[PDB]
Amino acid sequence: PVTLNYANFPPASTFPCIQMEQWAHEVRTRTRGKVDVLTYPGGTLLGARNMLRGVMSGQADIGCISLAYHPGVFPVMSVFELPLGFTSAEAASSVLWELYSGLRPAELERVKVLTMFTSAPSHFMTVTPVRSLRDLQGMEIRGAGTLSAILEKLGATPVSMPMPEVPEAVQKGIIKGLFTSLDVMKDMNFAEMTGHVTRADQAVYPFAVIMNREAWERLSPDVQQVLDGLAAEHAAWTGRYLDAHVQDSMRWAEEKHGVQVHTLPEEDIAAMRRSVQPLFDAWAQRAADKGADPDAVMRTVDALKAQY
């Protein structure tokens, strides 16, 4: 029997810890107890910042990284931080995994990728009402990676930071809101601090579950087939779980914390998407500079959406 330590950064109630426990449960069952997983939520073994270098060094066998936290490190997979028009985490998670499977880009070659998934589409959660793009001008809003670049294009003032830091940051006025999926309203009780939600339907945050290469290779071939066997299935399961939970989280925020929901005029939606168009070209150029083929990646994303 082997035991793998699985490091995670956010609290146990958030969906990246929920999916980790479900994955562990499937591993235990399909390997008939030949593999066990000891999980460490809340940064008790590795936090957001040292997660990648701590999995690669062996301080943890398995870890969960939010790709948007590591700008310039993932030139190919960061395409998934651009607005690709996904409305569900299930479809996004599934396409992300299939894209990774077919490309196996070199940026992730020093680790073994066990599975991937994404958040749901991002929205604005603010302390003060955002009813139009004008209200957003100058406003300090939390994002990370390309979601920050989207905020800047909209005229907001992006402040980049990992999730576990955001509550204190809101609570003390350093930021006026955040740009992400609405599950955090409940799971991290942002419904108490940010009383306003504005629909944006924007890019998702992509994640990878990563494993130390040596640890992966000391596993028997049949255990390895079980874990690879779980990859696509779990990507879909996570997105599915998250799409339902967003609905629950939001019903709970509205009818037990008075959260007000807003929607942008049709001309603001139009203008906002024109503003962000140039992020696709800046993404392609950064990718091309690091040796990847942005044309094939975009071709592949297109084909996989036409199919999920």
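Don't overthink the numbering: it's just position in the shown sequence, from 1.
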Given the B-factors recorded for C-alpha atoms, which segment has the greater mean, 251 to 259 or 38 to 46?
-> 251 to 259
Can you let me know which of the two, 29 to 37 or 278 to 286, has the higher average C-alpha B-factor in the entry?
-> 29 to 37
Going by the entry, which of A203, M125, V209, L103 has the most elevated CA B factor?
-> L103
Using the entry's values, work out which of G143, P221, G72, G85 has the largest Cα B factor.
-> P221
Sort the modelled residues of this chain by their C-alpha B factor and say whether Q307 lands in the lowest, middle or highest third.
-> highest
Lowest, middle or highest third: where is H234 by Cα B-factor in its chain?
-> lowest
Among modelled residues of the same chain, the CA temperature factor third for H245 = middle
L182, C-alpha B-factor rank within chain (lowest, middle or highest third) = middle
In terms of the CA temperature factor given in the entry, to which third of its chain does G195 belong: lowest, middle or highest?
-> highest
